[PDB]
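Student: generate coordinates for the sequence data below:
(one chain, ligands or ions: 1)
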Amino acid sequence: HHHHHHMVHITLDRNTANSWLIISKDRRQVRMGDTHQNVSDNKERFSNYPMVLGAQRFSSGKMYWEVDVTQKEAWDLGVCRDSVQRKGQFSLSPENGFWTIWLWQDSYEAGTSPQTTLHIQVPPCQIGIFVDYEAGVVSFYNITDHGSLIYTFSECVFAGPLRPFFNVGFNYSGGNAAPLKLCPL
Ligand SMILES: CC(=O)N1C[C@H]2CC[C@@H]1c1ccccc12
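Tutor: Residues are numbered from 1 along each chain as shown. The structure is reproduced below:
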């Protein structure tokens, strides 16, 4: 890929975060806490899962950012509609307004319905996410493997503004406490 030059400065939106998440002062890192984080509930917060949105909203153009996933056992990354459901149980699918990939139990999968197996030779420590609003494209790149393509969603029906989407995953095992981190330009 040569997509680096549509780089956008993403920050996390505290108000959308699950109440157990801890967002750094610079709003560039998020991790699971060991308890509820002493914040009020609001209609924006994801209730059931350790999810948060980016502050940025996109309705046009080309956007690129990178996320560090070092030493995590489980995570979800991509983009979603601003209008996605926040409360209760739901699946990550384009029909529900999500364009995502994940790591779960040593397998990488794209969030189609049903989910699609990914073929990654070099487990990634850093993921690049590229959105072309007009083209209807969301692509994922393996930064650890010289930017090799992971997966492309095409003919996407965004149907409104998009937000960067993050899930740090649960930490039942004790091996998934590490943060997601937005990487510098
Ligand atoms: C009581 C309850 O249902 N939970 C507590 C904890 C672990 C599972 C679930 C949950 C969802 C989101 C964030 C934190 C949690």
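
Student: assign a three-state SS to residue 155, would you?
Tutor: coil (DSSP: H, G, I helix; E, B strand; the rest coil).

Student: surely it touches residue 138?
Tutor: No: using C-beta atoms under 8 Å, residue 155 is not in contact with residue 138, being 10.8 Å away. Yep, even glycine has a C-beta here, placed from its N, CA and C like the rest.

Student: the two: who's more crowded?
Tutor: Set side by side, residue 155 and residue 138 show unequal neighbour counts under other C-beta atoms under 10 Å, the larger going to residue 138 at 26 against 8.

Student: partner residues bridging that one?
Tutor: The bridge-partner assignment for residue 138, based on DSSP bridges, gives residue 131, residue 153.

Student: how near is it to residue 148?
Tutor: Counting by C-beta to C-beta, to the nearest Å, the separation of residue 138 from residue 148 is 17 Å.

Student: now do residue 26
Tutor: Computed as C-beta to C-beta, the residue 26 to residue 148 distance reads 29 Å.

Student: neighbour count: these two, which is higher?
Tutor: residue 148 (14 against 10).

Student: quick check on that one: phi, psi?
Tutor: Residue 148 has phi and psi values of phi -60, psi 140 when expressed as degrees, to the nearest 10.

Student: test my guess that it contacts residue 141.
Tutor: Yes: applying C-beta under 8 Å as the test, residue 148 and residue 141 come out as touching, 6.9 Å apart.

Student: which residues of the chain lie near the ligand?
Tutor: Applying the criterion C-beta under 6 Å from any ligand atom, the portion of the chain that neighbours the ligand consists of 18, 20, 48, 49, 50.

Student: tabulate the residues you listed (CSV), appending neighbour count.
Tutor: Written out in CSV, the entries for the residues of the chain next to the ligand read as follows (neighbours: other C-beta atoms under 10 Å):
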residue, neighbour count
18, 22
20, 17
48, 12
49, 14
50, 25
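
Student: among the residues you listed, which pair sits farthest apart?
Tutor: 20 and 48 (11.3 Å; C-beta to C-beta).

Student: taking this protein, what residue is nearest to the ligand?
Tutor: residue 20 (4.5 Å; C-beta to the nearest ligand atom).

Student: OK, contacts around the nearest residue to that residue once chain neighbours are set aside?
Tutor: Distances taken as C-beta to C-beta, 6 or more residues apart in numbering put residue 33 closest to residue 20, at 5.0 Å, once the chain neighbours are dropped. By C-beta atoms under 8 Å, 6 or more residues apart in numbering, the contact list for residue 33 reads 20, 21, 22.
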